């Protein structure tokens, strides 16, 4: 891993907690769905975390979709994460450290032939799919594309305008769906992805089945969502985890 100096060119504050950074950095070409590392000097030490590219690999304007992390530590204190709020405080012109070579296997080349490719994401994890769909390479292999974005509230569906523009571009091949867990909102299904798969509601709304005979499922995001969806698909649909030596029906990347 080689660190290069990047320059923030744009900061888009979708909500109080959700933001996308546009960066100029001399990174190497990458495969859509891959991630790199962003770094900032905090108390004299470089602090680094992984962030997925949201931009098509053919676009030199690097885009990152992030959330300022908040958690309850072991002492019972409610605290912010180390790097995310520092990334949220960057302004155009500010420097950010970027790893030149991308990493990751959450890519189309790892996806076998299928009728329907399901792209399921929570929160900021819609990013890799947007990189894949914007580029449009190798989607000819799949008859149907389903992009599902789950978040807590409708206001958190930051890329809904891009999803709508991608739906128009794909002329019916791409089906889009938003999911909201903490409210009811017009145009969105209410709940969590595993429960909506199990109840048959997601498939009924989309108009396509999710089964081992026709589908490949990509999972990105919340580690509990990834773990719960993989357990449901294995237990109830006999869909196996795709691992380095054992191919399968599910490709996962937790954040």
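Residue numbers count along the first chain shown, from 1.
For the pair 7-15 and 234-242, the mean Cα B-factor is higher in 234-242. Between 214-222 and 183-191, the higher mean Cα B-factor belongs to 183-191.
Of all the options 36, 31, 199, 229, the entry's greatest CA B-factor is assigned to 199. Reading the B-factor column for the CA atoms of 66, 50, 42, 54 in the entry, the top value corresponds to 42. Placement of the Cα temperature factor of residue 153 within the chain: middle third of the modelled residues, per the deposited record. In the PDB entry, a CA B factor belonging to the highest third of its chain's modelled residues is recorded for residue 114. Among the modelled residues of its chain, residue 141 has a C-alpha B-factor that falls in the highest third according to the deposited record. In the deposited entry, the Cα temperature factor of residue 80 sits in the bottom third of values across the chain's modelled residues.
Among the modelled residues of its chain, residue 167 has a C-alpha B-factor that falls in the lowest third, as given in the PDB entry.
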